[PDB]
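Peer 1: Protein chains in written order, with PDB author numbering: chain L, 212 to 275; chain C, 212 to 275; chain M, 222 to 268; chain D, 222 to 268; chain I, 3 to 228, 237 to 268; chain A, 3 to 228, 236 to 268; chain K, 2 to 44, 57 to 139, 149 to 228, 235 to 270; chain B, 2 to 44, 57 to 139, 149 to 228, 235 to 270.
Here it is, the structure in full.
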DNA sequence: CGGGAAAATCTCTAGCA
DNA sequence: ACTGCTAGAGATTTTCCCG
DNA sequence: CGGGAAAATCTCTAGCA
DNA sequence: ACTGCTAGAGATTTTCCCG
Ligand SMILES: C[C@@H]1CCO[C@H]2Cn3cc(C(=O)NCc4ccc(F)cc4F)c(=O)c(O)c3C(=O)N12
Ligand SMILES: C[C@@H]1CCO[C@H]2Cn3cc(C(=O)NCc4ccc(F)cc4F)c(=O)c(O)c3C(=O)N12
Ligand SMILES: [Mg+2]
Ligand SMILES: [Mg+2]
Ligand SMILES: [Mg+2]
Ligand SMILES: [Mg+2]
Ligand SMILES: [Zn+2]
Ligand SMILES: [Zn+2]
């Protein structure tokens, strides 16, 4: 039930940024998408990124 | 003879740069001044800097 | 409070001081002469 | 030789190809249609 | 002792704290305190750059002018996908029509534009209202707020120069440039072209929303850390807790689930 | 195989190497080879910044315009020391006069100015010739070549705005601003003000010149590296500096014999 | 890896497509694709249809995405080749159009439209269309009262149809369906590109003759050898360009 | 360090100034300065003199740096307070002027020049001037045929006098002399600043009462106690503010 | 385990009214 | 209460393919 | 040996026609 | 064959002064 859906939602790549850093960071794996805050894990670093600073994709060049 | 003159020529601070680095580097101690090339020692690294990329000063604030 | 000195728009001369109503990331809302303005933080200094 | 494509001055459209007569640090001296010009390396691409 | 002399020096020369301290042997804190009291010495703002919004549903609109013709351009911030069209006159009606065409083809939730007259026209306001779009305006004469669309105004323009000899009219060249940019230039975050990137962005948004909805529907846990809060994710010893519109990451310690 | 199809694709669309490679499965080397053959695709230049000359004898001159009045400014690149003056009409004669005043007060060995008409005036050429100055001109419409002086303009202008209310004439306020910049603003490489920095630069130049002259007169050594009788310049601390055929090279004590 | 024999058994008993097998069995897409292709027994998204509907004496060029019912309508002054060519250019720029279906009208056959299709890389060929067009007409009639002109009404109708008319298996509007279809097409294209990139490699396992290399992972390599799909440790497999 | 006793011996036998002792004995400048100050028995660059010389009915305002003979001359249209004030402002901006010696002319005493001196931080006051001015006049006459005006000839003469007339102990032109003098003044000012900022600290050694602190190094600290200079390790030295 | 050359990443700049 | 960014050009660093 | 707060260094940006 | 730079504003890191 929840297992495969969780795996799929965590299969999405996320690119994020911080208030001062102007360059988009690597593709952190998605963990949760909120209304305005998305929780991600960038190499075992569980962070909360504002939705406006997050690009969530499902990169197919990597999925294939 | 040569001892004091060498000692007091090596007392001049030099600020330098390289072809791509746009920031002036720390005060490398002067070692020799040429027509267009000045030889310096920036923490035991003996380098040759073009004269046009070199600012040789006697830092009186540091000298006192 | 705070003192904010700002350049509003296409106006090289700076203005102020003004009160700081609200501070954000990249822009600040100030009150200069009871006039509420929005200024990018690149065009403001807060003391 | 080399191919150099350059923007000479206040001229947004780029020109070339031209021959590279001399290359320096920050500027390059080129020959476009036998006309010798000097262009900063920010306004030139060499292939 | 030296404070009075330094004040009388600054009142005339407007010296920086460094010079005041060096000359009058003042502490740097006091020198900066004196300098910060001079209204004519505040001529620089904090050096930084904000970050424009990159939500999926945000489009940035702007007019550019090429060969005496107005080209209205919109860009998908989250993906760089651009639509463009030549409009005969920079008026409100044409902008509203362009925006309504855009809204009916892509899911536009909000538009961030400069303070141009056409973008402020009441016709455009009504068009946004009907289509359920939110209008956003950058700070006046602050083009950096539109840094995305403005950037495209260059990139698009650049492409127009490459393919302007393949078309008689400027509208045809503009459409060719839009096509090349959307489906013939690759790069960006995903190594995609702009069209592929926008397709991926929107599909990912819909998929993630639906999966999250189903997971919330089936999964439900109440957590006490350190009140009864909602659980969002747990793994590798960490747990995500939602409590009064607060998302917090807390370890298993001081985190219990009932 | 796909090279021809990608070539037609590019001829029509001017795609970047990335798109060509990702579409026609080309290797990036071939994609960039194709994209490098399209004269309409070379729309960008090298991303870098040169470095202006910072020799002690280099001065950078430029006209600025404030309150409808021409202010001619010169800056010592090596130290940031400025000399500015209001001139009525931006003409060759006034520029030559300003430059000749500058030369007679400081050791000006070269002037690097933009291609303005006044700086190119034959009167200025003659003034430079007589005073033994060498004229240098930046690339036309390349203000970055004059960055230093250009920067100073803004700085100078800024200071004027601070003090323009303490003087009625603009020449007065310009002099007030020059004074404040030269002897009331501290920073730079040595924590000095501009005037102190230029004093230090020039004094150090003279001192080092004389010391080197004396050492060369007294010290002389011929060095063999690996191969001729190069002239020693500095030795010790594991390295030796030798001049050979206008080549200053640093070689370790090993494979470096002195006689 | 792992569930490959299970994949073969499930495919034989159910003849499922590679997408479903890979998603369910966590396999890489390429191996699922080669598995499904092996079974002879077990063996479109970028095509639009254009039609000019005349309303109030004004031409409305309507392009329909067959796979989803996505509608793109533009009011055009005259039935000239230039206007249709411009519409096709806009459509190709905004969406990935590969083939267009037309009623062989005089304008659609014009040399201008021919050149526009040739440049944009589109191919012209001469039941969903009628339903979609009549639905668009119904919505236009519904919303005409709110529009001062006809182009505004057409755009409002297109917006309502694309993003406010939710229907289908999942109750998804036309926009959701089209984005899903184009995303699936992109996934297919990426898989095919990867297959083409990898297919030109040979692998000697354990030495055994050349074999078809399919997937390369972290410490395992999945290859095809005479209809046999085998996972070999990275060592015992030597990779070659041929 | 360790040469302080040698410093005292040399100073008493020869009565040298702190510069020479510090340079020869490698001592820090501050310790040498306090040594020379201690000797009661052993116990100016920023002053210019202005004069208006008239030639061809045109005023040439000449400022002379007494310490080196450096000349700065400007042709002024009229002997008005405004022109003299502007000349003084230019001089103060370009060079570090502290005091000006004048002949108490009508213009030199104008309220305008008074304000210019007040703002620029210069104090007015009323054997080398004559020689330097005569030399300037001789050079002007020498190079008056190369200029078609008088200001140009004045500038040419100033250049020749400042940088082409080499004379003195070391055969140094006026420019070298003035730059050396201002550099020495800067060294003195930095020394005085360090002394002022360090004199407010007290040192307890071995505990022995407060003593004057001279220098803090890397592992040693030089202090003054009852006219006796002592070098102490930092470990047995405690520094105190008041 | 050590290299080679290509690939990936990084740094930097024009220009958008 | 809002907010610089995009794409290309060399440099530099990994890193897979050869020992 | 461990911290605290100030000092020193670093990064970044406007503006120079 | 010539060449972006300067000075200020926060941020961050040492580092001397207290245990
Ligand atoms: C009358 C409207 C409404 C009020 O504002 C003006 C002025 N303006 C100015 C620029 C402009 O300065 N672009 C150059 C640029 C400079 C810096 C940067 F970061 C980005 C940039 F694009 C525009 O592009 C632009 O569209 C407008 C405009 O439309 N308006
Ligand atoms: C007619 C003369 C001779 C031919 O060139 C023109 C044009 N020009 C242009 C600028 C200028 O664009 N300054 C802004 C700026 C921009 C970028 C940068 F890096 C530095 C900068 F100063 C000048 O300052 C300037 O003096 C001149 C000038 O004098 N001329
Ligand atoms: Mg605009
Ligand atoms: Mg714009
Ligand atoms: Mg100029
Ligand atoms: Mg200029
Ligand atoms: Zn002030
Ligand atoms: Zn091309």
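Beta carbons are placed, not taken as given, at the ideal position from N, Cα and C, and that holds for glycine.
Here's a check: name, in chain order, each residue in its chain whose Cβ is nearer than 6 Å to the Cβ of residue 130 of chain I, leaving out the five neighbours to either side.
Peer 2: Taken in chain order, the residues that qualify are 137.
Peer 1: Starting from the C-beta of residue 7 of chain A, find all residues in its chain whose C-beta is less than 8 Å away, skip the five residues before and the five after it, and write them out in chain order.
Peer 2: Around residue 7 of chain A, the same chain offers 26 as residues with beta carbons nearer than 8 Å, after the five sequence neighbours per side are excluded.
Peer 1: Residues of chain B with CB under 9 Å from residue 27 of chain I, in chain order?
Peer 2: 215, 218 and 219
Peer 1: Counting only the same chain and skipping the five closest in sequence on each side, list residues whose C-beta sits under 8 Å from that of residue 248 of chain B.
Peer 2: 2, 259, 260, 261 and 262
Peer 1: Would the beta-carbon of residue 183 of chain K fall within 8 Å of that of residue 84 of chain K?
Peer 2: Cβ atoms of residue 183 of chain K and residue 84 of chain K: closer than 8 Å.
Peer 1: Since residue 67 of chain K sits in a beta bridge, which residues does DSSP pair it with?
Peer 2: K:72
Peer 1: Between residue 92 of chain A and residue 120 of chain A, how many whole angstroms is the CB-CB distance? I'm expecting something under 8 Å.
Peer 2: 5 Å
Peer 1: Using a Cβ-Cβ cut-off of 8 Å (strictly less than) and excluding sequence neighbours within five positions of residue 104 of chain I, which residues of its own chain qualify?
Peer 2: Taken in chain order, the residues that qualify are 61, 76, 85 and 110.
Peer 1: Taking its Cβ as the centre, do 16 or more other Cβ atoms sit within 10 Å of residue 161 of chain B, making it buried, or is it exposed?
Peer 2: buried
Peer 1: Considering only their Cβ atoms, is the gap separating residue 30 of chain B from residue 19 of chain B smaller than 8 Å?
Peer 2: yes
Peer 1: Is residue 151 of chain B helix, strand or coil by DSSP?
Peer 2: helix
Peer 1: Taking the alpha helix (DSSP H) that residue 209 of chain A falls in, what are its first and last residues?
Peer 2: 196–220
Peer 1: Residue 271 of chain L CB to nearest chain K CB: under 8 Å?
Peer 2: yes
Peer 1: Thinking C-beta only, is residue 72 of chain I closer than 8 Å to residue 150 of chain I?
Peer 2: no
Peer 1: May I have the straight-line CA-CA distance separating residue 234 of chain A from residue 233 of chain C, to the nearest angstrom?
Peer 2: Since chain A is numbered 228 and then 236, with no step between, residue 234 of chain A has no place in the structure shown.
Peer 1: Just to check, is the beta-carbon of residue 207 of chain A closer than 7 Å to a non-hydrogen atom of ligand 3?
Peer 2: no
Peer 1: Distance cutoff 8 Å, beta carbons only. Does residue 22 of chain A sit that close to anything in chain D?
Peer 2: no
Peer 1: Whose Cβ in chain I lies nearer than 8 Å to the Cβ of residue 235 of chain M?
Peer 2: 44 and 45
Peer 1: Within 10 angstroms of its Cβ, does residue 181 of chain A collect 16 or more other Cβ (buried), or is it exposed?
Peer 2: Result: buried.
Peer 1: Hey, is residue 42 of chain A close to ligand 8, as in C-beta under 7 Å from one of its heavy atoms?
Peer 2: yes
Peer 1: Quick one: is residue 259 of chain M near chain I, going by C-beta distance under 8 Å?
Peer 2: yes
Peer 1: From residue 177 of chain K to residue 200 of chain I, what distance separates their C-alpha atoms?
Peer 2: Each residue's alpha carbon lies about 22 Å from the other.
Peer 1: May I ask you to report which of helix, strand or coil DSSP gives residue 25 of chain K?
Peer 2: helix
Peer 1: Can you tell me which residues fall inside 5 Å of ligand 2, judged by beta-carbon distance to its nearest heavy atom, and keep chain order?
Peer 2: A:116, A:117, A:118, A:145, A:146 and A:152
Peer 1: DSSP beta-bridge partners for residue 85 of chain K?
Peer 2: Beta-bridge pairing links residue 85 of chain K to K:76.
Peer 1: With burial defined as no fewer than 16 other Cβ atoms inside 10 Å of the residue's Cβ, what is the status of residue 255 of chain D: buried or exposed?
Peer 2: exposed
Peer 1: Between which residues of its own chain and residue 253 of chain B is the CB-CB distance below 6 Å, once the five residues before and five after are set aside?
Peer 2: Apart from sequence neighbours up to five positions away, the residues of its chain that approach residue 253 of chain B with a beta-carbon distance below 6 Å are 239, ordered along the chain.
Peer 1: Taking 7 Å as the cut-off, is the C-beta of residue 165 of chain I nearer than that to any heavy atom in ligand 8?
Peer 2: no
Peer 1: Suppose you measure from the CA of residue 57 of chain I to the CA of residue 270 of chain K; what does that come to, to the nearest Å?
Peer 2: So the two alpha carbons sit approximately 46 Å from each other.
Peer 1: Looking at the secondary structure, which residues open and close the beta strand (DSSP E) in which residue 239 of chain M lies?
Peer 2: 236–244
Peer 1: Going by DSSP, name the residue or residues bridged to residue 16 of chain I.
Peer 2: Answer is none; residue 16 of chain I lacks a bridge partner.
Peer 1: Can you list, in chain order, the residues of its chain whose CB lies under 6 Å from that of residue 89 of chain I, leaving out five sequence neighbours each side?
Peer 2: 72, 74 and 96
Peer 1: What are the boundary residues of the alpha helix (DSSP H) that residue 259 of chain B is part of?
Peer 2: Run containing residue 259 of chain B: none in the alpha helix (DSSP H); it sits in the beta strand (DSSP E), 256–261.
Peer 1: Go ahead and label residue 100 of chain A buried or exposed: buried means 16 or more other beta carbons lie within 10 angstroms of its beta carbon, across all protein chains shown.
Peer 2: buried
Peer 1: Do you know whose CA, among I:16, I:155 and I:65, lies nearest residue 94 of chain I's CA?
Peer 2: Proximity to residue 94 of chain I across I:16, I:155 and I:65 peaks at I:65, based on C-alpha coordinates.
Peer 1: Could you list which residues in chain I have their beta carbon closer than 8 Å to that of residue 248 of chain M, in chain order?
Peer 2: 52 and 141
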